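J.: Chains A and B, in that order, give the protein sequences.
In case it helps, full-length UniProt numbering puts the first sequence at residues 1101 to 1189, 1231 to 1255, 1284 to 1332, 1352 to 1393.
Residues in the second sequence are numbered from 881 upward in steps of one, following full-length UniProt numbering.
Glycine included, each C-beta is placed from N, C-alpha and C at the ideal position.
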Amino acid sequence: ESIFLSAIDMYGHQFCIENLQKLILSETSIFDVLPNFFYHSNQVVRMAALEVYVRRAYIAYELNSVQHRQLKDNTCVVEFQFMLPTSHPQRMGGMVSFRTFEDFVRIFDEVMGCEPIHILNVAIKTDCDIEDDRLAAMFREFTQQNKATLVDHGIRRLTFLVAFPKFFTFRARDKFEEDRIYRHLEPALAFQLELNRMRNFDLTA
Amino acid sequence: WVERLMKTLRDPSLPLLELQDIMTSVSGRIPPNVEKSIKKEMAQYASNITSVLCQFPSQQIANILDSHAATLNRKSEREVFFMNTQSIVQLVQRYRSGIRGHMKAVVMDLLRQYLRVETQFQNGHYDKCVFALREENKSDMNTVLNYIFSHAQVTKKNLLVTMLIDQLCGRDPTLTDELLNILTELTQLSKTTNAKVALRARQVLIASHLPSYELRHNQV
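Have a look at this one:
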């Protein structure tokens, strides 16, 4: 929290940069803390979060371009362009944060404006009562109606990050919007589980 | 003019446009290897405009150019390469320290232009300075006239210098070993007409040694 909030007064002092580099390049988990940086007072740390978390998560991916965009709101988005060197032979993605439910559904088609290579992630401030069913139904109610993830350009998966962090990954393209297998997993760190090895099995989480 | 210079120098897309202008005017006589490397680096920097963990890749362009130089291909690969890349070398040299370092260095150059004039009107009366300049510049009296002409409008120069110092060492409590030398020389302008530019300079020399309220707030 100190590293994240201290770089926001003025960035480019050549010590906050290395601190963010340490946070991205460290082995210790910091995902129990990152989702809580919605603003906390500042409204710029959003970008500072959105660029670190992804960087922290997408370790097996060759990330070549990060960009910070903002809508004419208090909605900052970060877009990413990356690729796999020697796996499934260019991907893109983006991440945005919202407040408690509604800014997500309100400007969903706008924040989307970053083969279905696009990967869209979203974080929402619901810091209460770890309850998979309620949050899952809340997000699924919107994904079951809004199919922009298929008809806009094609988005492989939509990740719902509840702020310790609870991850609900959905695919509103062909299948029912639910995933009991990759729940609570970061979709970029889903490879670091050796769970795809269970090829000959129908799994039940 | 000062505010627009400040905002322009802080806009990350400026050296991108300088790169585009020097490279578009030179489409040939450059090896395709260094050209493609520069293209990829500037495309990355363009895709990462106005985002954290982003700086102009001057060092990477310098690296690929100096690598092709280290290979040192002979017989019209040496001379053509070393000549038709000097613009990009100058571009990375200007932005060797990033957009912020270039921003500070430009104002430093303006302040050095100020000192270039005013350091000749200290250490003596007016007539002593004029005589010394005539003795130093025997082969041309235009130089002495330029000196006197510049010194005539020293009050307007002082106003612009105050506006420059306001944006060079303001909300950034830190000073390098180059700004400090300019400020030291600028504070030694004992002549009262330049007191305005000395006094403010001393403020900087004492202002950039204070806490930013972030250390105390975070720790407490």
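When DSSP labels each residue in this structure, what does residue 1359(A) get in the three-state scheme?
T.: Numbered from 1 along the first sequence, position 171 holds the residue referred to as residue 1359(A). Here residue 1359(A) sits in coil by DSSP.
J.: Considering just the uninterrupted stretch of the beta strand (DSSP E) at residue 1165(A), what are its terminal residues?
T.: As a first step, residue 1165(A) is located in the first sequence; it is residue number 65 there, counting from the start. Unbroken beta strand (DSSP E) run through residue 1165(A): 1162-1170.
J.: Report, in whole angstroms, the separation of the C-beta atoms of residue 965(B) and residue 952(B), which I expect to be a contact under 8 Å.
T.: Locating residue 965(B) in the second sequence gives position 85, where the first residue counts as 1. Locating residue 952(B) in the second sequence gives position 72, where the first residue counts as 1. Not a contact, Cβ separation roughly 14 Å.
J.: Considering Cα atoms alone, identify which of 956(B), 940(B) and 881(B) is closest to residue 911(B).
T.: Looking up residue 911(B) in the second sequence gives position 31. Shortest Cα-Cα distance from residue 911(B) to any of 956(B), 940(B) and 881(B) involves 956(B).
J.: Taking C-beta pairs closer than 7 Å, name the residues in chain B that residue 1165(A) reaches, listed in chain order.
T.: Walking along the first sequence from the start, residue 1165(A) turns up at place 65. Within 7 Å Cβ-Cβ: 924, 927 and 928.
J.: In or out: residue 1037(B) buried (at least 16 other Cβ within 10 Å) or exposed?
T.: Here residue 1037(B) refers to the residue found at position 157 of the second sequence. Burial call: buried.
J.: Find out if the Cβ-Cβ distance for the pair residue 1147(A), residue 1176(A) is shorter than 8 Å.
T.: As a position in the first sequence, residue 1147(A) is number 47, starting the count at 1. As a position in the first sequence, residue 1176(A) is number 76, starting the count at 1. Going by beta carbons, residue 1147(A) and residue 1176(A) fall inside the 8 Å limit.
J.: Assuming residue 929(B) contacts residue 892(B) under a Cβ cut-off of 8 Å, what Cβ separation, rounded to an integer in Å, is found between them?
T.: If you number the second sequence from 1, residue 929(B) lands on position 49. If you number the second sequence from 1, residue 892(B) lands on position 12. At roughly 6 Å, the Cβ-Cβ gap stays under 8 Å, so residue 929(B) and residue 892(B) are in contact.
J.: What are the boundary residues of the alpha helix (DSSP H) that includes residue 1177(A)?
T.: Taking the first sequence and counting its residues from 1, the one referred to as residue 1177(A) is at position 77. Looking at the DSSP string, residue 1177(A) is not in any alpha helix (DSSP H); the run it does join, the beta strand (DSSP E), is 1176-1183.
J.: Determine which residues share a DSSP beta bridge with residue 1331(A) and list them.
T.: For the purposes of this step, residue 1331(A) is taken as residue 162 along the first sequence, with counting starting at 1. Answer by DSSP bridge pairing, in chain order: 1293(A) and 1354(A).
J.: Assuming the contact rule is C-beta atoms closer than 8 Å, residue 1285(A) and residue 1328(A) should be a hit. Round their C-beta distance to whole Å, please.
T.: For the purposes of this step, residue 1285(A) is identified with residue 116 of the first sequence, where counting begins at 1. For the purposes of this step, residue 1328(A) is identified with residue 159 of the first sequence, where counting begins at 1. Contact doesn't hold; Cβ gap of about 14 Å is too wide.
J.: Would residue 1152(A) and residue 1124(A) qualify as a contact pair, given that the criterion is a beta-carbon distance under 8 Å?
T.: Residue mapping note: residue 1152(A) aligns to position 52 of the first sequence, counting from 1. Residue mapping note: residue 1124(A) aligns to position 24 of the first sequence, counting from 1. Against a cut-off of 8 Å, the Cβ pair of residue 1124(A) and residue 1152(A) comes out as a contact.
J.: When you compare the CB of residue 1125(A) with every CB in chain B, is at least one pair closer than 8 Å?
T.: Here residue 1125(A) refers to the residue found at position 25 of the first sequence. Not an interface residue.
J.: Can you tell me whether residue 981(B) sits near the ligand ZN, meaning its C-beta is under 7 Å from at least one heavy atom of the ligand?
T.: In the structure shown, the ligand ZN is absent, as is every other ligand, since no ligand is present at all.
J.: I'd like to know whether the C-beta of residue 1286(A) is nearer than 8 Å to at least one C-beta of chain B.
T.: Taking the first residue of the first sequence as 1, we reach residue 1286(A) at position 117. Residue 1286(A) does not count as touching chain B.
J.: Are three or more beta carbon pairs between the segment 1024-1033 of chain B and the segment 1041-1053 of chain B nearer than 8 Å?
T.: no
J.: Residue 1239(A): which of 1187(A), 1165(A), 1330(A) and 1133(A) sits nearest, CA to CA?
T.: Translated into the one-based positions of the first sequence, residue 1239(A) becomes position 98. Residue 1330(A) is the option with its Cα nearest to residue 1239(A).
J.: Could you name the residues of the same chain whose beta carbon sits closer than 8 Å to that of residue 1156(A), not counting the 5 residues immediately before and after it, in chain order?
T.: Taking the first residue of the first sequence as position 1, residue 1156(A) is located at position 56. Contacts found: 1123, 1124, 1130, 1131 and 1134.
J.: Residue 1111(A) touches chain B at which residues, Cβ-Cβ below 8 Å?
T.: Taking the first sequence and counting its residues from 1, one reaches residue 1111(A) at position 11. Simply 932.
J.: So which residues on chain A does residue 1094(B) lean against when the C-beta distance must stay under 7 Å?
T.: Within the second sequence, residue 1094(B) is the residue found at index 214, counting from 1. Near residue 1094(B) (Cβ distances below 7 Å), the residues of chain A are 1106 and 1109.
J.: Within 10 Å of its beta-carbon, does residue 922(B) have 16 or more other beta-carbons around it, so buried, or fewer, so exposed?
T.: As a first step, residue 922(B) must be located in the second sequence, where it is residue number 42. Result: buried.
J.: With a threshold of 8 Å between beta-carbons, can residue 1130(A) be considered close to chain B, or not?
T.: Within the first sequence, the letter at position 30 stands for residue 1130(A). So no, residue 1130(A) is outside the interface.
J.: Thinking residue 1308(A) and residue 1326(A) are a contact (beta carbons under 8 Å), I'd like their distance in whole angstroms, please.
T.: Position 139 of the first sequence, counted from the start, is the residue given in the question as residue 1308(A). Position 157 of the first sequence, counted from the start, is the residue given in the question as residue 1326(A). With a Cβ gap of about 13 Å, residue 1308(A) and residue 1326(A) do not count as contacting.
J.: In chain A, what lies closer than 7 Å to residue 1052(B) by C-beta?
T.: Start at 1 with the first residue of the second sequence, and residue 1052(B) comes out as number 172. Per Cβ cutoff of 7 Å: 1110.
J.: Within the chosen definition, does the segment 990-998 of chain B reach the segment 1062-1075 of chain B through at least 3 CB pairs nearer than 8 Å?
T.: yes
J.: Is the beta carbon of residue 1181(A) closer than 8 Å to that of residue 821(B)?
T.: The requested residue 821(B) does not occur in the structure, where chain B is confined to residues 881 to 1100.
J.: Pull up the distance between the alpha-carbon of residue 1186(A) and that of residue 1372(A), whole angstroms please.
T.: Reading the first sequence from its first residue, position 86 is the one you call residue 1186(A). Reading the first sequence from its first residue, position 184 is the one you call residue 1372(A). Rounded to whole angstroms, the separation of the alpha carbons of residue 1372(A) and residue 1186(A) is 27 Å.
J.: Identify each residue in the segment 907-924 of chain B for which the Cβ-Cβ distance to at least one residue of chain A is less than 7 Å, and report them in chain order.
T.: Answer in chain order: 924.
J.: Return the Cβ separation of residue 1234(A) and residue 1304(A) in integer angstroms, given the expectation that the two are a contact with Cβ distance under 8 Å.
T.: Your numbering for residue 1234(A) matches position 93 in the first sequence. Your numbering for residue 1304(A) matches position 135 in the first sequence. About 22 Å; that fails the 8 Å criterion.
J.: Please classify residue 1166(A) as buried or exposed, where buried requires at least 16 neighbouring CB atoms within 10 angstroms.
T.: Your numbering for residue 1166(A) matches position 66 in the first sequence. Under this definition residue 1166(A) is a buried residue.
J.: Determine the direct distance from the alpha carbon of residue 1136(A) to that of residue 1105(A), and round the result to whole angstroms.
T.: Counting from 1 along the first sequence, the entry for residue 1105(A) is found at position 5. Counting from 1 along the first sequence, the entry for residue 1136(A) is found at position 36. C-alpha separation (whole angstroms): 12 Å.
J.: Roughly how far, in whole angstroms, is the beta-carbon of residue 1110(A) from the beta-carbon of residue 989(B), given that I think they are within contact range, below 8 Å?
T.: Mapped onto the first sequence, residue 1110(A) falls at position 10. Mapped onto the second sequence, residue 989(B) falls at position 109. Wrong, their Cβ atoms sit about 23 Å apart, outside the cutoff.
J.: What does DSSP give as the partner residue(s) for residue 1287(A) in the beta ladder?
T.: Position 118 of the first sequence holds residue 1287(A). Answer is 1233(A) and 1324(A), bridged to residue 1287(A).
J.: If you check the beta carbons only, do residue 1249(A) and residue 1315(A) fall under 8 Å apart?
T.: Locating residue 1249(A) in the first sequence gives position 108, where the first residue counts as 1. Locating residue 1315(A) in the first sequence gives position 146, where the first residue counts as 1. Closer than 8 Å, so yes.
J.: Residues in the same chain with beta-carbon distance under 8 Å from residue 1355(A), minus the five sequence neighbours each way, listed in chain order, please.
T.: Here residue 1355(A) is taken as the residue at index 167 of the first sequence, counted from 1. Contacts found: 1328, 1329, 1330, 1370, 1371, 1372, 1373, 1374 and 1375.
J.: Please report the Cβ distance between residue 1074(B) and residue 1034(B), rounded to the nearest whole angstrom; I am assuming they are in contact, meaning their Cβ atoms lie under 8 Å.
T.: Position 194 of the second sequence, counted from the start, is the residue given in the question as residue 1074(B). Position 154 of the second sequence, counted from the start, is the residue given in the question as residue 1034(B). Sure, about 7 Å apart at Cβ, within 8 Å.
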